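Given as structure tokens, the chain that follows is alone and in the form deposited in one PDB entry.
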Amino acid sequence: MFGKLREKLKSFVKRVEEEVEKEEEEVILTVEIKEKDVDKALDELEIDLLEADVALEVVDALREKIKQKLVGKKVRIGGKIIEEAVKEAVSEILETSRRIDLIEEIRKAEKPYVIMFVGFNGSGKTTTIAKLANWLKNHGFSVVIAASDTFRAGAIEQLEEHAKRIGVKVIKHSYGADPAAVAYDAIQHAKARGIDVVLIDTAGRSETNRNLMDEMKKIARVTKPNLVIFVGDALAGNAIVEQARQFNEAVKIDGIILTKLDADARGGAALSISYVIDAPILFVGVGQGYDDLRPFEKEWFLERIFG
């Protein structure tokens, strides 16, 4: 997992590690990292990362932060240190404008808390909504799901079977109905039951009459979501970022859930998407089980591309 990312960063380290070693050689208790050393290794890194599927802007940012961290620092003659700076850079690129803490922004929030999901078909949206509902239930929160994917045959029943498993109520209409009205209903429902949170499952493809971005706009306006979450399939690579970009201009994205990390041998998008969109990754999907969802933390990520 994130193997490719891990190996290209490890390659860069040992490479700078070699050209310092050489000065150690032309040798004075300490040694300094110079540009010449980095610039070249950095140039290789660029090409490596761009092959691991990291977005251009993120490779340019990493390069800046890595160079700054390395050039000038003195070392002792006779790895851990160089990797430290790289690790720092990665952390910082994973940092976002804002932070979100879900459990605390709901306890605080005036109920019901409305979360709207957006994403292209096959990204794990419905599954992810089922996982989050179960997660919020496990932490003392009452939740209900809106079946607003109304034009894809079977999606309502597909969601119904997910929600039975986890024992969550699904508010729906029927096939052919108005996606926004279903969600409006689910919200009105929760106001009356005094339910903590509503989650909205949404369409993932364009229809004869429709355009998906138009549809998400419509729903967003009717529902006034407290939070908009983009769901993207890690395996899809940089395509994930261009997808989020599209959704972000129709309806602003507040948070991200990436799925299928269990099968992501690359990691380039997971590293780049939070920076490109300026929204935090809140959870990651790591399987098809309803508990295969994990609150995201920089440490869990770094712990996976380094040690």
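For every residue, the number given is its place in the sequence shown, counted from 1. Superpose the two forms; the largest set of C-alphas matching within 1.5 Å is the rigid core.
J.: Counting only residues of the deposited sequence, how many between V27 and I28 have no atoms in the entry (none, 1 to 3, 4 to 9, 10 or more)?
T.: The entry leaves 4 to 9 residues without coordinates here.
J.: According to the PDB entry, how many deposited residues between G78 and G79 are absent from the model (none, 1 to 3, 4 to 9, 10 or more)?
T.: Gap between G78 and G79: 1 to 3 residues without coordinates.
J.: Tell me which stretch, 189-197 or 226-234, has the higher mean Cα B-factor listed in the entry.
T.: The entry gives the higher C-alpha B-factor average to 189-197.
J.: Do the CA atoms of 151-159 or those of 206-214 have the higher mean B-factor in the entry?
T.: The stretch with the larger average C-alpha B-factor is 206-214.
J.: Quick one: which of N121, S174, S142, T127 has the biggest Cα B-factor according to the entry?
T.: The record points to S142.
J.: Among the choices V170, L94, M116, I106, identify the one whose CA B-factor in the record is greatest.
T.: When the deposited C-alpha B-factors of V170, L94, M116, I106 are compared, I106 is largest.
J.: Relative to the other modelled residues in the chain, which third contains the C-alpha temperature factor of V20: lowest, middle or highest?
T.: For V20, whose C-alpha B-factor we compare with every modelled residue in the chain, the answer is the highest third.
J.: Lowest, middle or highest third: which one holds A52 when the chain's residues are ordered by CA B-factor from the entry?
T.: It falls in the middle third of the chain.
J.: Based on the deposited C-alpha B factors for this chain, I'd like to know if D262 is in the lowest, middle or highest third.
T.: According to the entry, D262 has a C-alpha B-factor in the chain's middle third.
J.: Name the third of the chain's ranked CA B-factors that contains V71, choosing lowest, middle or highest.
T.: For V71, the deposited C-alpha B-factor lands in the highest third.
J.: Tell me, lowest, middle or highest third: where does the Cα B factor of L132 rank within its chain?
T.: Lowest third, going by the recorded CA B-factors of the chain.
Unshown form deposited in another entry; subsequent notes refer to it.
J.: Fix the rigid core, compare C-alpha positions between this form and the one not shown, and report which of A155, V114, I129, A203 shifts by 2 Å or more.
T.: Comparing both forms, the shifted residue turns out to be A155.
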